[PDB]
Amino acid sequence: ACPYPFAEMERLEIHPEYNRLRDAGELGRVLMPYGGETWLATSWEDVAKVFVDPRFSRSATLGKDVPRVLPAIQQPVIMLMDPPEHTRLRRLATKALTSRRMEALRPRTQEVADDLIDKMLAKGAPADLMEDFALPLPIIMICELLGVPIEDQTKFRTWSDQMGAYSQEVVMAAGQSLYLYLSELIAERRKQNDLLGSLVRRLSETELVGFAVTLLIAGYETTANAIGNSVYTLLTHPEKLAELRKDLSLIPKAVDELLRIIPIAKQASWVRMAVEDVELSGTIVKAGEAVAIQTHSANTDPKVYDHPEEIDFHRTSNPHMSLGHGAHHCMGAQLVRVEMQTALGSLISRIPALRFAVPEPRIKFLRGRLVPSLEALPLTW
């Protein structure tokens, strides 16, 4: 078993191998740094199975020395649950966290988006979209979706930023301040029905605050990167920026085509566990063996997509895996699209003379994460 990761993904590209195996119709076996060897799925068909098939448990690695990447062991989160606990827990949260409820935020997003622009270009010459726009937009929208008082939208932020750049005694101090402030908020909503109110309706207080902290994590630093990384990719392919400044009616299907093509992690997912013998790619991953997935190789499979390694805003359908598949599919999906749609949309519309302030090859990324994130994205206009 050839060791994994294959190469520290510097910048935003992928190691050839993944696509090599997809096409080989080969299921990879790799040696992860911690825990042991794992299997590795790269095909759309075989990444679809691991997302949706019930022969693969996410439960079965809580408290375990499982084929992993970071030494720390994972601490029961929703994304580490199987049916029917997961299903009862998702079934409830879906009744509060609605696709409607999320479309309902588009007018606010416009405000914070279009006034985040106002400020940014109202300041200096060159800017840093990351600190001036890509990072603030999603926390502000997270807050607004929780119905956090705008008088604490900053104090709050400051707490979510110190989850690193902050001392150990003031990491947990932040978390505990966020946990105790987020229960009190749910306490001051039980007497009244928005998202936190709707959540109180069968969920335990423990699961209620749990979820509120999860959404913060699941969709803050991820949504930042999507906005950041997309702008980047769009500026290094203007044939396709231009295609969006001519008509903005495209941006929905664009957001999804940018989601397909940009890698969401620097490497393969947390591993799932086979709870019964399964065939993937002609191999019998036996019960107990572990399988990690690559969404990118699935998101550019020629057996599923035409001209995969090419952008195209007219794709009939777009069954990408950047936002998950089946039971555990991203329950921000709608908010994400909303955020990203209005984020890029105005951004483009407002400032159609946008460009890098530096030679792209010179635009640096970070070494100390699992998701690809720009260290800074300086621009001009």
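Throughout, we count residues from 1 along the sequence that is shown.
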{"item": "Deposited-sequence gap flanked by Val213 and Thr214", "value": "none"}
{"item": "Deposited residues lacking coordinates between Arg201 and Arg202 (none, 1 to 3, 4 to 9, 10 or more)", "value": "4 to 9"}
{"item": "Greater mean Cα temperature factor according to the PDB record, 57-65 or 43-51", "value": "57-65"}
{"item": "Of 151-159 and 132-140, the one with larger mean CA B-factor", "value": "151-159"}
{"item": "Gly28, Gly324, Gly345, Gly36, ranked by C-alpha B-factor: the highest one", "value": "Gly345"}
{"item": "Residue of maximum C-alpha B factor among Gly124, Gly228, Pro308, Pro263, per deposited coordinates", "value": "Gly124"}
{"item": "For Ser297, the third of its chain into which the C-alpha B factor falls", "value": "middle"}
{"item": "Modelled-residue ranking by C-alpha temperature factor, third containing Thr206", "value": "middle"}
{"item": "Assigned third (lowest, middle, highest) for the C-alpha B factor of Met331", "value": "lowest"}
{"item": "For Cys2, the third of its chain into which the C-alpha B factor falls", "value": "highest"}
{"item": "Ranked against its chain, the third holding the CA B-factor of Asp277", "value": "middle"}
